[PDB]
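The next block holds one structure in the form of structure tokens; read it before the comments.
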Amino acid sequence: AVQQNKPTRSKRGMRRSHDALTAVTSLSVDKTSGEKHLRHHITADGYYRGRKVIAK
Amino acid sequence: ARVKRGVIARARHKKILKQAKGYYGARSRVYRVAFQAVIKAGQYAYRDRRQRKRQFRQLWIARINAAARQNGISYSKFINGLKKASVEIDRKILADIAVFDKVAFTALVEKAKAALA
Amino acid sequence: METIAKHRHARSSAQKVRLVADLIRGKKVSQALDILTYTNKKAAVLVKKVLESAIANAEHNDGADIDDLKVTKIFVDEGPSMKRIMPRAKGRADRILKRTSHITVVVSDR
Amino acid sequence: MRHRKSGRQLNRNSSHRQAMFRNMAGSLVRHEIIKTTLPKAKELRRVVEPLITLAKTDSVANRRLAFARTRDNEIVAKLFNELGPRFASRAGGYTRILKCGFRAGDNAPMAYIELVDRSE
RNA sequence: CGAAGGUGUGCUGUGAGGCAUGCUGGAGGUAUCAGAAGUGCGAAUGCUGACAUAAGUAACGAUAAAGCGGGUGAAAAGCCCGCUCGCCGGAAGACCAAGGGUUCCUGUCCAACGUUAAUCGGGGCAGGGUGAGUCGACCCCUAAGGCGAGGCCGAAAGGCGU
RNA sequence: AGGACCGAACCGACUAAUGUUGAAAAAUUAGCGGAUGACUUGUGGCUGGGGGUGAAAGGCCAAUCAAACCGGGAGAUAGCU
RNA sequence: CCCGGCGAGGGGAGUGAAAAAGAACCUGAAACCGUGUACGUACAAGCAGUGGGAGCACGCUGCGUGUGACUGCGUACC
RNA sequence: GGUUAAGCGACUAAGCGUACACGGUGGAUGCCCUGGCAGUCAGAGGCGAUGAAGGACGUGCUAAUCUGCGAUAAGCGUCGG
């Protein structure tokens with residue numbers, strides 16, 4: 001249920017070795033607007049694959 | 001005459017932790033663990049001041065045996081022959097000669113063989 | 001010419017902000033600003049403000065470089081934690097620590 | 001065990017699921033563009049496209065089926081009067097899902113669902 | 001022209017120690033020989049404060065339920081407006097006594113508090129709001145009981161009682 | 001008529017599951033007993049610790065009961081740890 | 001003056017002997033948590049040290065500081 | 001020099017260890033005294049129905065608290081400094 005011995009800094013770090021975050025590999029550039037966006041996601045201005053399909 | 005203990009306690013703890021430098025984890029960081037690590041290190045150092053002499057005698061004897069068997073005689077026969085010939089060269093210098101001057105070791109072996117024969 | 005930016009007493013544990021600080025250490029500011037924008041973490045909103053401040057500080061206090069800047073140092077230090085009481089079953093009070101962190105970013109062209 | 005099964009539970013019971021998709025289909029037919037979660041849009045496809053397909057042949061029986069599945073006479077009227085004639089030459093694919101980032105409150109993936117020719 | 005205190009290094013004695021000097025500190029320290037002790041901590045399931053581990057793990061408090069559009073906003077799953085949906089309805093609705101005390105309404109702010117975010121709030125700040133011959137209290141009457149001039153009783157205190 | 005019967009409110013607490021760092025220092029759900037009486041309930045009053053009260057279980061007397069709690073004798077005593 | 005939400009927080013400028021005295025303010029120890037550099041470590045079994053000891057890195061003119069592959073011995077304190 | 005075979009074989013660090021440098025946290029140490037403790041030498045040994053000890057409420061250019069004060073309310077008269 002509970003420890004008998006305090007685990008160490010070392011074992012803490014080894015357990016945390018798989019906690020690293022994977023940064024975004026590469027952002028896609030819009031062909032019309034040239035904005036950077038996540039692939040298959042629309043741009044902040046509302047573009048996607050060169051077309052402005054967003055009301056705003 | 002109230003006496004505060006901060007300065008002297010810090011001095012003693014820093015002394016022990018300074019001796020505990022290089023150890024692993026709490027042995028190097030925490031005073032309670034470090035103190036019985038430092039005492040254990042001193043006990044081992046006392047013991048190994050004695051054990052060092054045994055280990056080096058063992059090493060010299062092994063090297064002398066190797067060189068003697070190279071020259072065609074056992075270690076026991078070689079030392080007995082040196083004793084009969086009254087050669088008082090110790091085993092440290094015999095091992096040094098075995099490593100660094102093989103001609104001299106052959107000379108010593110022939111002296112021991114003459115002593116035995 | 002190093003330029004510092006500091007956010008002290010951020011409402012986020014150092015362990016939480018360090019996962020994001022690990023993503024932009026030794027990296028071009030333009031590249032570091034893109035990574036932060038697309039990482040679904042609350043630490044990244046907090047770390048993108050210190051980085052942006054540091055660029056602005058490099059613009060205004062130091063010489064106008066911007067394009068030649070890199071994240072030369074970044075670290076997170078534990079800050080003062082706040083102590084609160086969480087009641088539990090059968091009348092036992094637990095102490096919850098609300099942790100804080102100081103974020104430091106250092107940018108230089110060299 | 002989910003071998004060859006269809007439909008997402010979406011952490012709801014079946015009654016809540018039916019009611020939610022009824023409301024959401026009404027909203028999509030009304031506005032022609034709605035922001036929702038990605039899996040919700042994936043299921044709204046299956047809810048809304050059969051309804052528009054039903055809105056091709058204009059008959060009282062189809063009107064009553066649509067009203068049974070929608071419970072909104074304005075939505076039924078808009079379907080049979082506008083979206084039937086609009087999509088009458090299209091073989092399915094009346095809708096379009098565009099992924100649009102994440103929700104601030106809970107980091108849920110977000111998608112716009114649109115009717116393929118809305119012109120707004 | 002750098003004291004105590006902190007932190008390193010070098011030397012030094014058999015040991016507790018001593019000495020010197022770099023950095024920090026910014027004002028006191030104190031030889032020698034005597035004198036006096038709250039005079040030496042690693043443990044007492046010791047006392048107090050800080051900080052770890054378990055671990056970014058369990059949990060986020062009734063399984064009545066939510067979806068979308070617009071608005072404000074630095075930012076909206078949660079705030080506002082609207083439409084649909086769902087729950088209670090001898091209650092999860094309305095009103096009193098008791099208890100509380102400003103939680104009431106408006107404007108503003110989001111550090112902390114709210115088991116998340118928060119533009120919202122019973123949160124912070126400021127200003128406003130409680131109008132009685134007829135409602136209630138007070139008031140006049142008394143019940144159980146209390147207190148009780150004289151009085152009876154009891155070492156004192158005090159008990160009982162007209 | 002009834003210390004009658006079935007059964008809501010109300011008063012209780014027989015069984016099971018849950019929960020046991022609980023939503024809760026005794027509860028939740030499903031069932032369960034009484035339910036015009038030796039009933040239940042509000043407001044106020046009285047009984048005080050070798051005492052009270054007790055359809056009596058050493059039960060209850062402010063989450064404390066084979067002698068409440070607070071303060072004192074008091075740094076009781078401890079041939080024990 | 002600049003970043004930011006007319007925020008919190010910070011970077012400059014200025015005061016001051018000192019801001020490494022900025023109000024979470026004299027000094028600022030330890031536990032505890034990090035960033036950087038040097039060596040070591042992914043075929044290796046145990047109170048983690050001690051004796052021997054290569055290599056490597058950095059100072060000095062074959063040593064000094066750091067790490068410590070491999071190896072003998074070695075089951076904490078009260 | 002070319003091909004093959006055999007033998008040997010440096011450089012990896014997801015993380016971790018040790019050393020050093022620089023930081024965070026934290027609040028010990030040093031220095032300080034407007035607070036205490038124990039006394040000595042002198043006082044005084046009481047206040048109150050002429051309403052006390054102690055309080056509530058109020059009192060300012062005042063929003064609150066402390067101090068003083070009391071509807072003559074951070075105060076009024078007189079006499080000296």
Side-chain angles (χ1 to χ4, degrees), chain A residues 2-3 6-20, chain B residues 1-10 12-14 21-25 27-33 35-37 39-45 47-49 51-52 54-56 58-59, chain C residues 3-11 13-16 18 25 45 49-50 52-62 73-82 84 86 88-92 94 96 98 101-102 104, chain D residues 12-13 15-16 19-24 26-28 30-31 34-36 40 71-72 103-106 108:
Chain A
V2 60
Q3 292 164 177
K6 202 210 179 144
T8 49
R9 280 170 282 276
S10 172
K11 303 291 280 180
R12 192 177 66 208
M14 297 174 189
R15 188 184 54 251
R16 285 176 191 180
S17 69
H18 300 282
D19 291 359
Chain B
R2 193 164 175 264
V3 171
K4 301 184 139 223
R5 306 186 277 149
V7 180
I8 301 299
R10 185 179 296 113
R12 295 179 66 251
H13 282 202
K14 291 177 70 68
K21 186 180 289 293
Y23 299 164
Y24 173 61
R27 303 174 58 88
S28 162
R29 298 181 173 72
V30 161
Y31 174 73
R32 290 209 208 218
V33 187
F35 171 81
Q36 64 199 9
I39 288 278
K40 182 62 66 68
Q43 292 172 259
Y44 285 150
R47 179 202 72 183
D48 305 345
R49 274 194 285 281
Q51 184 177 2
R52 191 198 302 132
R54 307 173 201 177
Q55 300 181 180
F56 278 106
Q58 207 171 348
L59 186 54
Chain C
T3 300
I4 303 298
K6 288 170 71 171
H7 180 196
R8 293 166 98 270
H9 311 286
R11 270 69 171 177
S13 71
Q15 180 180 180
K16 272 159 188 176
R18 276 171 197 154
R25 196 173 274 105
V45 164
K49 273 161 101 70
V50 204
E52 268 185 311
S53 180
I55 306 320
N57 288 335
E59 290 181 352
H60 200 250
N61 321 133
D62 306 37
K73 306 191 281 289
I74 183 165
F75 52 95
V76 187
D77 297 330
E78 273 170 292
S81 63
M82 272 179 281
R84 307 274 169 281
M86 189 154 276
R88 309 298 312 264
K90 310 187 187 235
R92 297 210 173 84
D94 285 349
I96 62 171
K98 292 177 71 68
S101 68
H102 319 308
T104 297
Chain D
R12 296 171 164 72
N13 52 76
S15 296
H16 187 182
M20 188 180 78
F21 284 134
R22 207 169 303 196
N23 287 335
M24 195 141 72
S27 297
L28 177 52
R30 186 179 295 275
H31 296 116
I34 66 170
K35 200 188 180 197
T36 187
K40 281 189 182 76
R71 304 299 305 178
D72 201 349
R103 203 146 61 174
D106 54 315

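Numbered from 1 within each chain, the chains take letters A, B, ... in sequence-line order. FYI, side chains are in, hydrogens and waters are out, and symmetry mates aren't considered; it's all heavy atoms of this structure.
At the heavy-atom level, B/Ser28 lies under 4.0 Å from the strands shown only through sugar-phosphate atoms. At a threshold of 4.0 angstrom between heavy atoms, the contacts of B/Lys4 are confined to the sugar-phosphate backbone, with no base atom among them. Across all strands, B/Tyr44 comes closer than 4.0 Å to base atoms (heavy-atom distances). Here C/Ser53 lies in heavy-atom contact (under 4.0 Å) with a base. Here B/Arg49 lies out of heavy-atom contact (under 4.0 Å) with every strand. Using a 4.0 Å heavy-atom cutoff across all strands shown, D/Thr36 reaches sugar-phosphate atoms only and no base atom. Looking at heavy-atom distances under 4.0 Å, D/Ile34 makes contact with sugar-phosphate atoms alone, never a base. Residue-level contact check: C/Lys49 touches the bases, meaning some heavy atom is under 4.0 Å from a base atom.
Annotation: of the two residues near RNA chain G, B/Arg10 and C/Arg25, the 5′-most nearest-nucleotide partner is B/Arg10. Projected onto RNA chain G by closest heavy-atom contact, C/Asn61 and C/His9 fall at different nucleotides, the more 5' of which corresponds to C/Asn61. Nearest-nucleotide positions on RNA chain H for B/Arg29 and B/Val7 put B/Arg29 closer to the 5' end.
Below the 3.5 angstrom threshold, one finds no donor paired with an acceptor across the side chain of B/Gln43 and the base of G/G49. For A/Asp19 and E/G56, a side-chain-to-base donor-acceptor distance below 3.5 Å is absent, hydrogens and geometry of angles not being considered. For A/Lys6 against E/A52, a side-chain-to-base donor-acceptor contact under 3.5 Å is present.
The phosphate of E/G67 (OP1 or OP2) has a side-chain N or O of D/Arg12 nearer than 4.0 angstrom. At E/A59, none of the side-chain N or O atoms of C/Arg88 fall inside 4.0 Å of OP1 or OP2 (strictly under the cut-off). Proximity of C/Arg11 to the phosphate of E/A112: a side-chain N or O atom is located under 4.0 Å from OP1 or OP2. Look at B/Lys14 and you'll find a side-chain N or O under 4.0 angstrom from OP1 or OP2 of E/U7. In this structure, C/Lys16 does not reach the E/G56 phosphate: none of its side-chain N or O atoms is under 4.0 Å from OP1 or OP2.
Glycosidic torsion of H/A49 falls within 90° of 0, placing the base in syn. Glycosidic conformation, H/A71: syn, with the torsion inside 90° of 0. Nucleotide H/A19 is shown with an anti base, its glycosidic torsion being more than 90° from 0.
For C/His7 and G/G9, the ring-to-base geometry does not satisfy the stacking test (centroid distance below 5.5 Å, interplanar angle below 30°).
Using the rule of two distances under 3.5 Å, F/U53 and F/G59 count as a Watson-Crick or G-U wobble pair. Geometry at F/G12 and F/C32 meets the Watson-Crick or G-U wobble definition, both required distances lying under 3.5 Å.
Checking E/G42, G/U50, E/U84 against every side-chain atom of B/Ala45, the shortest atom distance belongs to G/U50.
By the 4.0 Å N-to-carboxylate-O rule, D/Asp106 lies close enough to D/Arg103 to be salt-bridged with it.
Across all strands shown, H/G70 forms a Watson-Crick or G-U wobble pair with H/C57, both key distances being under 3.5 Å.
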